[PDB]
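Shown below, as structure tokens, is a lone chain in the form deposited without ligand SWD; questions about how it binds or moves come after it.
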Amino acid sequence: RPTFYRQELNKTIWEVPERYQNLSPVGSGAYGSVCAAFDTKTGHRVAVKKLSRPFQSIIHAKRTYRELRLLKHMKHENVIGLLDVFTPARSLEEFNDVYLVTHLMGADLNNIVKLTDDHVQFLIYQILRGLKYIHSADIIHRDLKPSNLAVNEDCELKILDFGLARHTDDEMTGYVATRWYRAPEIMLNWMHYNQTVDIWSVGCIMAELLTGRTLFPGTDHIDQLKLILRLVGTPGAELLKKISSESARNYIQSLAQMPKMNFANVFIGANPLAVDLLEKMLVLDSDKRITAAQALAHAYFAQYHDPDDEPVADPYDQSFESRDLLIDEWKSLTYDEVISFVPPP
């Protein structure tokens, strides 16, 4: 066990191993507080996150276990990895606090956008390489957007901030970036969704890198649907049958029919290969969208594609997701995963 020291950082007691020095507050959501620090053991600048109320309810206790399982599995150049996880507790009996350690990242894709064709190829290639890995483990990200994609000092892109099923009705309301990158089937609850929702989000991000403008900046759910159908066309009888929601189906049929627009006349002056890839990502019927593995082999990425250096994940057991347990059982499973952690090479 390392030695721990205590300090107060903005109304909060932080108890951390001596290796972590120069702690300074960076931010706080409602799921925890984050400090920047220097890790003297590795020489990395790191983000230390202290979870808030990790075991306060069955829903929260399971969310904590879900986030630690996910971060411990992800071992890929284009995905955030777990550098460390610790608790000052010496036993399960006194376990209350969980701290997660990851690489401090540089500029996100909002900061980058706010670019040549060569830069767009390079950045979308890395997102797709990381998504081929995530999807191979049957994980859906569910929240891809520019603020969840950042590059380090060497311009290596990493996917962060996986959807832990955490978004509130309020957070998705109105003129908000939290909704602009979502597939219509998840935005309006049309049907059981799958990993295809992440490729819709990649199409929206790629469009915004090419034009410097949000593709579907809707003022609310219905305004954003009208922007979407004006570009890709209203649904045919084949997709309407797959909308299992009867009243969602009824509303779509109230809209005047519109054809798919010419993407060369929308993305004026873009590489014709970029236009072709956008037409394959931005398809209303999710069964028909291009997959990450198929997109890596598209001619737009000829300069970067190497099928011997696009790895897949180890198998990932998510049987816990359908298990019903008490708060103290989720808390014991979480404690076991904290004490068994082995740091990267």
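Residue indices: 1-based, along the sequence shown. Only residues modelled in both forms are compared. Rigid core: the largest C-alpha set superposing within 1.5 Å between the two forms.
Figure legend: residue 200 is marked as modelled in all of the other comparable entries of the protein, none of which omit it, let alone a third. For residue 165, the fraction of other compared entries lacking coordinates, among those that model flanking residues, reaches at least a third. The stretch of deposited sequence separating residue 226 from residue 227 contains no residues lacking coordinates in this entry.
For the pair 105 to 113 and 258 to 266, the record assigns the higher mean C-alpha temperature factor to 105 to 113. Stretches compared: 42 to 50, 309 to 317. Higher mean C-alpha B-factor in the entry: 42 to 50. Of the candidates 243, 83, 149, 274, the deposited coordinates give 243 the top C-alpha B factor. When the C-alpha B factors of 168, 126, 234, 136 are read from the deposited coordinates, the top value falls at 168. Remark: residue 59 belongs to the highest third of its chain, ranked by C-alpha B-factor as recorded. Annotation for residue 130: C-alpha temperature factor in the lowest third relative to the rest of the modelled chain, per the entry. Residue 194: CA B factor lies in the highest third for its chain, per the PDB record. When the modelled residues of the chain are ordered by C-alpha B-factor, residue 96 sits in the highest third. In this PDB entry, residue 142 carries a Cα temperature factor that places it within the middle third of its chain's modelled residues.
This next part talks about the form deposited with ligand SWD bound, which is not shown.
Put simply, residue 176 is far from ligand SWD in the deposited bound form: not one heavy atom of it is within 4.5 Å. When contacts are judged by a 4.5 Å heavy atom cut-off, residue 98 does not count as touching ligand SWD in the deposited bound form. Interface membership of residue 102, defined by any non-hydrogen atom within 4.5 Å of ligand SWD in the deposited bound form, is confirmed. When contacts are judged by a 4.5 Å heavy atom cut-off, residue 80 counts as touching ligand SWD in the deposited bound form. For the three marked residues, 202, 293 and 298, no heavy atom of any sits within 4.5 Å of ligand SWD in the deposited bound form.
For the partner-free chain shown, just 49 of 32 to 56 comes within 4.5 angstroms of ligand SWD in the deposited bound form, judged by any non-hydrogen atom. When the two forms are superposed on their rigid core between this form and the one not shown, the C-alpha shift of 2 Å or more among 38, 31, 304, 55 belongs solely to 31. Core-superposed comparison between this form and the one not shown: CA of residue 155 displaced by 2 Å or more.
A change of 3 Å or more separates the two forms for residue 336 and residue 28: their C-alpha atoms lie farther apart in the deposited bound form. Annotation: residue 149/residue 30 CA-CA distance shorter in the deposited bound form than in the displayed model, change of at least 3 Å.
Identified as moving between this form and the one not shown on the superposed core are the stretches 27 to 32, 152 to 155, 162 to 165, each made of at least three consecutive residues whose Cα atoms shift by 2 Å or more.
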